[PDB]
Each structure stands twice: as C-alpha cells, then as structure tokens.
Amino acid sequence: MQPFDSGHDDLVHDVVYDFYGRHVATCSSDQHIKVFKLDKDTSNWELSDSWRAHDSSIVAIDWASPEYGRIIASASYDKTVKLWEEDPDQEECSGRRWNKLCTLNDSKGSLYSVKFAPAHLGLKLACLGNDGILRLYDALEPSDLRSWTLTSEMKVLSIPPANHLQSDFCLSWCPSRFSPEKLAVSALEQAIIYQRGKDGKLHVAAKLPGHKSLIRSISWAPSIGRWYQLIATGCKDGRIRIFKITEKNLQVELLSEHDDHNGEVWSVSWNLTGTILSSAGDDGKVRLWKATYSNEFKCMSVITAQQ
Amino acid sequence: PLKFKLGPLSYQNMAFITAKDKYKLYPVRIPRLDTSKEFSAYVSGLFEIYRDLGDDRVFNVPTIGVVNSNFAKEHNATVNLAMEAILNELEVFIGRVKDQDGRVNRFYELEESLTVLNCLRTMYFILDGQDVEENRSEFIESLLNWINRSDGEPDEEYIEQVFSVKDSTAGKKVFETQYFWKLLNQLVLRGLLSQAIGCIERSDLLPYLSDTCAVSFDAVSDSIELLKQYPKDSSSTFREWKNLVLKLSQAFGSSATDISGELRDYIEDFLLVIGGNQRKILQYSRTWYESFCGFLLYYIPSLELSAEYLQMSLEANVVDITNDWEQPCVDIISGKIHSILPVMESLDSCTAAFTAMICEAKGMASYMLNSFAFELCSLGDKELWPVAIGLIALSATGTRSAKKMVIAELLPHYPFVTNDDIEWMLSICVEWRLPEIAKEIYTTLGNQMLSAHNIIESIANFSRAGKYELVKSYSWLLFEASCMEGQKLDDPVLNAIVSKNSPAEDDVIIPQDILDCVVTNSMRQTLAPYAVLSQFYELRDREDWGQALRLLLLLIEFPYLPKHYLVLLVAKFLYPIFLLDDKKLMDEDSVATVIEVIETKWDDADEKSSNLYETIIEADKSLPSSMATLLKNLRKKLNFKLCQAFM
C-alpha cells in the first residue's frame, strides 16, 4: 500500500475506478488526466500514461465500462467533452494511445460534470454546466462512440451557477433497467430525480425531501440484496442521509438518517455490490458503514488520516 | 477536506486530499477482508461441507412417524460430522496463520473463535442433542483437547507456575499448603480429569503418606459393584449415587494418617466446605465452565433435579466470563472500538429479523458463504467464482421466480478477466433459464477484442452468436486489406483456408508450431468468398492463368460482395496482367456478363472507392486520374480477346 504521489502538479478533483476497477484516473488543473494501472504486487497505481485531454482544467473524469472497450469522457472549462479510446498497440508514456473519438461542441456553457450511464442502462452520458442546463446524450450505437446526440435538455437550477453559487454538483444514474430509466441530479439544496417518459422528453418524476443543506455528493446504489433502490447523499452539516425509493410512481421513504462526521460529509460512495456505503467528511476521517440485522446502516469502523 | 472513493474493489479503496501540496493519495483497505490463498483454500474446504449439509443443521424436527423414522437419524448424523470437519479446516487455516509474523495478533483472535465453538460442541455435537448426561467419554476428551488448543495453558507451563508457589503460608512443599488443592479441585470442576490424576503424581504426594486407614475405598467399591450389577434391576441407582457422592469427608476425618497438622487439617476442611455448600462451589469457580459442569457432576450428582439447582447456583452468584454467546460481547465492549461496533447486534435479542429466521427454519452459514464469496468476486478473486455457483446448484439459494432481476445485475457488474469468471456467467445463465444474456456476453466480448487489437478473437466471438451479418463484415475488412499484394495478407489465414479439412499443407497454423488445426478449417459458407480469394493466390503460384482468372471473375460477379471493391480487384490484378488474359480466348457470353456488372457496380466516386483509388496510385498507378479511364482501355483489350476467339 503506502503513500504514493500521483505526480499531478495541481489538485486532484476526482478519483475514478474502472467498472472492473482495473484502472484509476485522476484529473487536475494541470491539464492532464493520468491513468494508472493497478500493480497488485506493490498494491500501488503505476503510471501508465499522461496526456493533455483539453486545453483547460479537467474537473470531472469518468470511466465507461471495458465492455465496449475503454472510453474516457472528460469535462473541462473550454466547453467541450472530449471522447477518447485506449489502444494498447499505440504507444504508452507519450499520450499517443488516446485517440480522440470526438469533440462535442454540443455544450454551450462550461462543463463542471460529465458522467457515464451504467452498462445495464445503455451507453449514455449526462452533462451539467455553468449555464444550468442538464444535457442528456444518447450514443446512436454502442459501437459508434464518435457521435452523441442531444436528446433532452431540462433547466435544473433556478439561478445558473456563478462565482459564489459554485459548489460540487453531481450526476448519478440508475443502475437498474428493471427500474424505469432515471438519473438523480443534485444541484444546491434540491435533488430532483428526472425520469425518461414515453415521449422522449425528460420529466420531473420526483423530488428528494429532507435536504436541510447543500448536497455535496449524490450516489445511486446498485439494487443488490433487494430489487428496490437506495440513494445516499452527503450533505454539509455532517449528514449521511440514505433514503429508500421503492418501486410500486416512485414512493419516497427514509431508511435511516444519521450524522457522525459532524462538519460536512463531502463524498458518499457506494460499493458495486450495494451493501457497504463509505462516506468521508470534514474532520479528515472516513467512516465505513455496513447494514445491521435491524436493517439500518451503522458505523462499523473509523479511519483517521491527515487533513 | 478529505474525500474518499469507494470503487468495486474491497481491499483497495482510495483516500485523497483536495488541496495543493497535498497530492499524496493513501491506499486504504477494509479491515477483516483477506485476498490470501490461505483464505480461499479455507473457503474451498468449507464449501464442500456446507453444500452437503442440505437443510440440516438449522434444527429441523426429527420425525419418527411413518413419514419418516429414517429422517431423524439422518438429521442428527449429518450436522455432527459436519462440525468435526469444520474444526479441522479451521485448524488448517489457523495453523497457517500462527506460523507467520504480523499474524501474531491474528493468531490470538482465532483462539477466541475456537472457544465459542467448543462451548456449542459440548452440548449438542458431543451429546448429539440427547440427554445432558449421555456421553461421558467423548465430553471429557473433546473439552480437554480443546482447552489445549483454544486456550494456551500447557499441562506443563500452567502447573509449573502453580508448583513454583509454595512459599507464603509455611516453608513446606506445594501439596502441604493450599496452592495444590485449589488447582486440583479446579481441574476436576473443568472436566480436566486426565491432568488432575497427573498433578497428584507429579507433586510427590504418593511417597509422603503410605499409611492412611481409609474405609471409603472398600465402600465405594462394593456399592458400585452391586449397583452396576442389578440382581434383577434395582431402583437403588440414583438413591445410592446421591448418598455416596456426599459421604466421603466424614470417613476421611476419622481415618488415621501419620502426617503433619498442616496437610490433614487443610485437606479435610477444604474437601468438606467446597463440595458441601452450593456457594463454595461457585466461590472457587474462576470460569463459567467450572460452575456449569460442577453442579451436574459433583454436587447432587446424577441427572435428576440438577437442572433447577445449576440454574439457582448461577442466578445467585455470577461467575467469570468465558466465550459464549453474549460473553465475548461483554468482554469486547470495554475493549477497543473496531471490534465492539460490528460485534453487537448479532444475537437474537430485541430484533425481529433473527426471530423471523429461526421460526421459519425450524441457512445463515449458507448466506455467509453466498455473501463473502460475492464480495470477493467484486474484487477479482476468481477462486470463489466456482464456489458461488456450486452452492446455488445444490442447497440452492434464491428464487428463479423473483430474484431473477437482482441476480441479472450481478453478472455484468463483476470484473470478468479470467476463465473461471467467464464460465460462471454462462453456468448461471443456463441454470436460471436465460440464454439471451449469454448471447449478449459474446457480443460484449467481441466489442472488447475490437479495441484490444484482436481481429481474430473478435470474429470467433461474434461467430458463436450465429449472426451472418457481423461475420461477413469482418471478412470484408480483411479481404480488402489483402488486395494490395498478390498473396493472402500474413500467413495463418492463408494457411488455414488452404489446408482445408484434410491434412494438406505442412505449413503450421498461427505463430504456434501446431499441426493440429492444419487438418481442420475448411473456410466454407460465410468464409467461402474469403476462402476463394486466398485460393486465387495459390493458383498463380501453382501457374494457372485459366483457373486463376475464373476465381477472380466469380467474386467480381457475386452481388453480395461490395460494389466499392470493383475498381480495386481489376486495378491490381486484371490491369497489369493484361497480357496473360489477352492470350486466352473469350466468347460473347463471358464478355457481356462482366460488362453488365461494370455497368451496375463500378464507381467513379463514392466513399470507399475514392480512398482505395488514392492508395492504388501510391502503390503502382494503373490510371493517372479517373476510375473509368479504365473502362476505355479495358474495352480495347476486350475487343482483341473477342476477336481472337472468333478467328
């Protein structure tokens, strides 16, 4: 294990595993995405490649599933998502193995997020920007990664994001296609669950209540152990709120709500087996939560690090 | 400020800092998870056993009616043997662990796990769930064996320490003072009878007296004699027992012995007071097992009302925590934190879930097997994938009537990158009757092989699915590339199509030295147009001009080969080799048929043909500029071919 320096010269905005979790990509204000492949031997992330994937700061990076090959979408403040495919037989340690699939000039504002749809719901990506426009992109084919059509736009935030409305804003999908297609979107205090109608225009299907403060992360749980959903939110007041959404249109219920960071919970991140939530928040400590047989999540462990 | 990202991995999470000059990232594990080979091999032993257990060991009612006497025997037998076997695989894991360093702490955590299992064992998997006082032989022996391994009190180290104390009362030996009888009585109370007989021997008790006048020996002999005997069956069993166990002290107290005022006084008093009064038994109990056994065996003294008595004994004075259900919990709480959290809330107490579990039952271990195994799959430890499906197949879990939508989600979510992983996916698809997901898997695999630079494995993968449209598209990819040279591109393709389903050609296929598939692979049907191109090349080398031309025309006429491969086959092959053709005689029919195909399919523009034309030129120009430059020139060579057949 042990401390390692990523070698980024500016700050790390994101850490994203592959869907198989064989790669970690980090993105920074130094215009690079650095992609590391997992050496199990040292249990460290060893530098595979580094390239400028935009001519500005990279603030959202996300992996698509290695089930169509490795695709990178990356969001920058230069107004474009740039799409990249990994070739092994292209050179590594040079940035010659990421061939640009496209440049999408379909984003009229500067991006702050781009996030892939799970394998199970089809290859789609959502955008959000600093013009406050939720963008729904559908690839025309799962094997044609070089075009993506804007299929829907929904004006989320009441006031656009500006130099003081600037916060973490997050895009998360619904991993189940045995649940109607949706994507929960957190912007400020409101988390609004959007659902695809049968008319091919997105509608508001639900609103998540009980958000007393800004949502700094929203993460939709894969429905595993049960076929219902759970969405966790990390909020600024040290609250982990796990609400359960049952499918009967959507019902809203609480599962549990508890607060233990007590400063601000910055990130919520569910595992892919949808049974362990790990949250971190202000105070520098990571709390690892596992369900009881009273059917509620409780803190099983506390890891303390640096600030 | 710290942010943490939980991936699918279960052993390799990431914590990071969003701050400048804080570009250091710290790998974080989840405690109590091991990806070790010792751990999966432990799991592998438990898996065979766990499966074979069936619906037994969850406490079913053992029927003895007509439906079905045999079931009672089967249920009691299976669970008991399964316990023995679980302990041995458990020893094997533990043994590996206490031979490595930094697993000095782990070694200790596993001795506690053994203790909870020993208490459980004594009651139900020794006795067989029978009477409290069924087996005596197996009870004593198993307990003694366990205390030896579960706990660390060597028959040696323990009793050396105890014999080293003898000072601070009198300067006289250990057996002449309290220290020895306090132990001796304890060993008897913990059912450590073997060690207790030895303790008398070691101490030097036997030389030291050599007198006595004990009458209680003869009594006990003759009593047990008549007793066990039965002159026709006598009710005197329990009555006599009760009398005997109590009367012992008083007889000793009168019997002459030539020993000091130390030894005697002590022994008399001690023996009396202890095994005389309920409290004094508990006073000297320094463990739960001492108290627990002690009353049944040594007080009032065969299985009668020993129930009520033991209950009351406990209820009055509390005795030291050991490792039971709630007991390691009560140990743990005061202790370190990480434990106490997950520890609590796992006992059937103030809950509804574990109430619900045993009432329906009368499969937690099975659930654990199907829980742990899945967690490891989501990390990439392939060893537990066989384990997972295997428990499902027999001693099945899940319903194929509603848990189909949950199980469906797991197949694509989990990192598949071995063979075992891949075989597991297919295995589950057959079993739950969803073939369509397996076909999707094969599509998904081709799509990986396309971006991993395998234009062989991809084709095979798509071929499995049986969709003619996709196979054809790759053949065409490839057919096109091999048109800029007068041989089939590379050699393994080449080899394989020309060796046919006969052992022809000595040319080894692929970069392997194998002759094995040089007796198989007869490119036919779908691969037939592709096969015919490679063979046209063989024919030039085996100097045929006639059959060569014929194969090239056959493909040009075929209306399911692309139209954009017109200007390509004729430009490279027919155009230079104008002479060889010209020599040959062509009739009215062959000429007119070739001509229709040119009229319909030849392209002077289009995507593919503009690009292919740019490259022909770069190779060796046939036409300077314009495709249908060619048409004019061709017709001249054609007038001559036509004229020469006719003269």
# chains A, B, ... in the order shown; residues from 1 in each chain; ligands from 1

$ interface_residues --of "chain B" --to "chain A" --cutoff "6 Å" --atoms "only C-alpha atoms" --output "PyMOL selection string"
chain B and resi 1-8+18-20+23-27+338+341-342+406+415+444+447-448+451

$ residues_around --residues "stretch 454-469 of chain B" --least-positions-apart "4" --cutoff "7 Å" --atoms "only C-alpha atoms" --output "ChimeraX atom specification"
/B:439,442-443,445-446,449-450,473-474

$ atom_distance --atom1 "atom CA of residue A:58" --atom2 "atom CA of residue A:23"
17.9 Å

$ closest_residue --among "B:301, B:348, B:210, B:230" --to "residue B:242" --atoms "only C-alpha atoms"
B:301

$ select_by_dssp --residues "stretch 233-423 of chain B" --states "alpha helix (DSSP H)" --output "PyMOL selection string"
chain B and resi 236-246+249-254+263-274+278-283+288-294+306-316+327-334+337-343+353-361+364-377+385-393+404-413+420-423

$ residues_around --residues "stretch 419-430 of chain B" --least-positions-apart "4" --cutoff "7 Å" --atoms "only C-alpha atoms" --output "short mmCIF file (atom, residue, chain, number, x, y, z; two decimals) with N, CA and C atoms, in the first residue's frame"
data_model
loop_
_atom_site.label_atom_id
_atom_site.label_comp_id
_atom_site.auth_asym_id
_atom_site.auth_seq_id
_atom_site.Cartn_x
_atom_site.Cartn_y
_atom_site.Cartn_z
N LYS B 382 -10.90 -14.88 -8.38
CA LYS B 382 -11.55 -15.77 -9.34
C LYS B 382 -11.83 -17.06 -8.65
N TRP B 385 -15.43 -17.86 -7.58
CA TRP B 385 -16.46 -17.93 -8.52
C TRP B 385 -17.14 -19.35 -8.68
N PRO B 386 -16.40 -20.45 -8.77
CA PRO B 386 -16.84 -21.88 -8.67
C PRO B 386 -17.59 -22.16 -7.43
N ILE B 389 -21.49 -20.48 -7.63
CA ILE B 389 -22.46 -21.22 -8.43
C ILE B 389 -22.81 -22.61 -7.84
N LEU B 411 -24.21 -10.29 -12.90
CA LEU B 411 -23.43 -10.91 -13.95
C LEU B 411 -22.57 -9.95 -14.71
N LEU B 434 -31.97 -18.25 -18.85
CA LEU B 434 -31.89 -17.01 -19.53
C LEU B 434 -30.77 -17.10 -20.50
N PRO B 435 -30.92 -17.73 -21.70
CA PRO B 435 -29.87 -17.94 -22.61
C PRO B 435 -29.42 -16.68 -23.22
N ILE B 437 -28.90 -13.67 -22.15
CA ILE B 437 -27.80 -12.89 -21.51
C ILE B 437 -26.43 -13.40 -21.98
N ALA B 438 -26.27 -14.78 -22.19
CA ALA B 438 -25.04 -15.45 -22.68
C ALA B 438 -24.74 -14.98 -24.06
#

$ decode --residues "stretch 565-582 of chain B" --atoms "N, CA and C atoms" --output "PDB file, in the first residue's frame"
ATOM      1  N   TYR B 565     -15.349  -2.569 -54.284  1.00  0.00           N
ATOM      2  CA  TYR B 565     -14.257  -3.461 -54.444  1.00  0.00           C
ATOM      3  C   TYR B 565     -14.159  -3.899 -55.866  1.00  0.00           C
ATOM      4  N   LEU B 566     -14.791  -3.104 -56.769  1.00  0.00           N
ATOM      5  CA  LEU B 566     -14.712  -3.195 -58.226  1.00  0.00           C
ATOM      6  C   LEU B 566     -13.364  -2.802 -58.767  1.00  0.00           C
ATOM      7  N   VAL B 567     -13.166  -1.470 -58.784  1.00  0.00           N
ATOM      8  CA  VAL B 567     -12.059  -0.710 -59.255  1.00  0.00           C
ATOM      9  C   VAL B 567     -10.733  -1.244 -58.551  1.00  0.00           C
ATOM     10  N   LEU B 568     -10.913  -2.060 -57.444  1.00  0.00           N
ATOM     11  CA  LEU B 568      -9.805  -2.482 -56.594  1.00  0.00           C
ATOM     12  C   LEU B 568      -9.291  -3.808 -57.136  1.00  0.00           C
ATOM     13  N   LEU B 569     -10.165  -4.853 -57.327  1.00  0.00           N
ATOM     14  CA  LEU B 569      -9.708  -6.095 -57.840  1.00  0.00           C
ATOM     15  C   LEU B 569      -9.210  -5.985 -59.268  1.00  0.00           C
ATOM     16  N   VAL B 570      -9.859  -5.238 -60.136  1.00  0.00           N
ATOM     17  CA  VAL B 570      -9.475  -5.099 -61.522  1.00  0.00           C
ATOM     18  C   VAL B 570      -8.228  -4.271 -61.621  1.00  0.00           C
ATOM     19  N   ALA B 571      -8.032  -3.284 -60.814  1.00  0.00           N
ATOM     20  CA  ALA B 571      -6.869  -2.313 -60.990  1.00  0.00           C
ATOM     21  C   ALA B 571      -5.529  -3.042 -60.678  1.00  0.00           C
ATOM     22  N   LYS B 572      -5.597  -3.926 -59.623  1.00  0.00           N
ATOM     23  CA  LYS B 572      -4.331  -4.500 -59.105  1.00  0.00           C
ATOM     24  C   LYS B 572      -3.886  -5.768 -59.814  1.00  0.00           C
ATOM     25  N   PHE B 573      -4.927  -6.592 -60.173  1.00  0.00           N
ATOM     26  CA  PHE B 573      -4.820  -7.988 -60.677  1.00  0.00           C
ATOM     27  C   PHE B 573      -5.049  -8.003 -62.162  1.00  0.00           C
ATOM     28  N   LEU B 574      -6.220  -7.624 -62.748  1.00  0.00           N
ATOM     29  CA  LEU B 574      -6.586  -7.722 -64.151  1.00  0.00           C
ATOM     30  C   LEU B 574      -5.790  -6.701 -64.928  1.00  0.00           C
ATOM     31  N   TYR B 575      -5.611  -5.480 -64.495  1.00  0.00           N
ATOM     32  CA  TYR B 575      -4.945  -4.455 -65.300  1.00  0.00           C
ATOM     33  C   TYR B 575      -3.398  -4.741 -65.651  1.00  0.00           C
ATOM     34  N   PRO B 576      -2.527  -5.224 -64.746  1.00  0.00           N
ATOM     35  CA  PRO B 576      -1.132  -5.472 -65.153  1.00  0.00           C
ATOM     36  C   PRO B 576      -0.903  -6.648 -65.970  1.00  0.00           C
ATOM     37  N   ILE B 577      -1.664  -7.665 -65.638  1.00  0.00           N
ATOM     38  CA  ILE B 577      -1.619  -8.992 -66.067  1.00  0.00           C
ATOM     39  C   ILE B 577      -2.527  -9.080 -67.324  1.00  0.00           C
ATOM     40  N   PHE B 578      -2.668  -7.934 -68.065  1.00  0.00           N
ATOM     41  CA  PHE B 578      -3.392  -7.689 -69.311  1.00  0.00           C
ATOM     42  C   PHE B 578      -3.016  -8.699 -70.379  1.00  0.00           C
ATOM     43  N   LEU B 579      -1.662  -8.909 -70.560  1.00  0.00           N
ATOM     44  CA  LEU B 579      -1.031  -9.904 -71.489  1.00  0.00           C
ATOM     45  C   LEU B 579      -1.561 -11.290 -71.358  1.00  0.00           C
ATOM     46  N   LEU B 580      -1.419 -11.855 -70.144  1.00  0.00           N
ATOM     47  CA  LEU B 580      -1.772 -13.216 -69.793  1.00  0.00           C
ATOM     48  C   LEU B 580      -3.189 -13.502 -70.133  1.00  0.00           C
ATOM     49  N   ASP B 581      -4.132 -12.599 -69.707  1.00  0.00           N
ATOM     50  CA  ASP B 581      -5.514 -12.586 -70.111  1.00  0.00           C
ATOM     51  C   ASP B 581      -5.723 -12.595 -71.638  1.00  0.00           C
ATOM     52  N   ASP B 582      -5.056 -11.710 -72.396  1.00  0.00           N
ATOM     53  CA  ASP B 582      -5.174 -11.310 -73.822  1.00  0.00           C
ATOM     54  C   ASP B 582      -4.938 -12.534 -74.670  1.00  0.00           C
TER      55      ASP B 582
END
